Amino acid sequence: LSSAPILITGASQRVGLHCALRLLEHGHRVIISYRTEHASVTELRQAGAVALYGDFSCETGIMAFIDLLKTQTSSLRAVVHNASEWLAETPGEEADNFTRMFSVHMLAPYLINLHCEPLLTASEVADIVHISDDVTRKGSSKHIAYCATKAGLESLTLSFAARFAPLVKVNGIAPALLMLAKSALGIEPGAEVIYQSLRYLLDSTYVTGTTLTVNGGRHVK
C-alpha cells in the first residue's frame, strides 16, 4: 500500500462516506473534503480521515481548498472527485444553480487536477477518478442543468487521461445516483458497489480514459 494519501471530495455524502471508510479499513491514509460539519464528518475523523473544509461553489472556495490541501501533503496516491450538488431548477434561480453545479462538478475537478498533478506524480501509482451520474447517457427532461454539468465532468475524464498519461490514470464511475423497478436487476444496491468500482480502477495498471457504468442495467430495461 502507498503511504501517500487518497483525497475523496464531498465525503459526507452517502457514497463518499462509505468509500472513505472502506479505504481507511483497506489501510490507505485518506483526506476528505467537507462543506458542512455533520455527524458523518465526525465519523470520518474518528475513523482516521483528515477533514479539510472545501466549498466548491465558487473559484475562490476551490482555490482556498487547494491551498489547504497543499499544506497538508506533498504527495497523493489518488483524487476521487465525489463532491456533488443536485439543485432544483427553481424559477428565478436557474442561472445561479447551474453556475453552482458547474463549479462543483466541473470547475473544481479541473482546478484540483491541474494544481494537484505534481502531488500525484510524486506517487509511483497515481489515479484520478471522477464520480459522475448515469443520467448523462439519456439526458434529463427534469434535471437539465445538473445533467449537463455531469456530462462536462465525463469530458474531463477523456481530456485529463490524455494530458496526464502515462504517469496518472484517469477514469470515471457513473452511478445511477437516484438509487428500483426501472433497473434490470431490480435490487437495491449498497454504496459497496461503488467502492468495488473504485478498487478495480485504483488497482488496475492498464485502464485509463474509461467510465464504469453502475446502474443495474437501467439502460437495457
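Throughout, we count residues from 1 along the sequence that is shown.
Novice: None, 1 to 3, 4 to 9, or 10 or more: how many residues of the deposited sequence lack coordinates between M179 and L180?
Specialist: Per the record, 10 or more deposited residues are absent between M179 and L180.
Novice: Would you tell me which stretch averages the higher CA B-factor in the PDB entry, 116-124 or 131-139?
Specialist: Per the PDB record, 116-124.
Novice: Can you let me know which of the two, 40-48 or 183-191, has the higher average C-alpha B-factor in the entry?
Specialist: Per the PDB record, 183-191.
Novice: Between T9, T211, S197, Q13, which one tops the list for C-alpha B-factor in the PDB entry?
Specialist: Result of the comparison over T9, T211, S197, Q13: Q13.
Novice: Could you say which of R29, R35, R163, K169 has its CA atom at the highest B factor, as listed in the PDB entry?
Specialist: Highest C-alpha B-factor among the listed residues goes to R35.
Novice: Per the entry's values, where does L87 land by CA temperature factor relative to the rest of its chain, in the lowest, middle or highest third?
Specialist: It belongs to the highest third of the chain when residues are ordered by C-alpha B-factor.
Novice: Can you tell me whether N97 has a C-alpha B-factor in the lowest, middle or highest third compared with the other modelled residues of the same chain?
Specialist: Middle third of the chain for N97's C-alpha B-factor.
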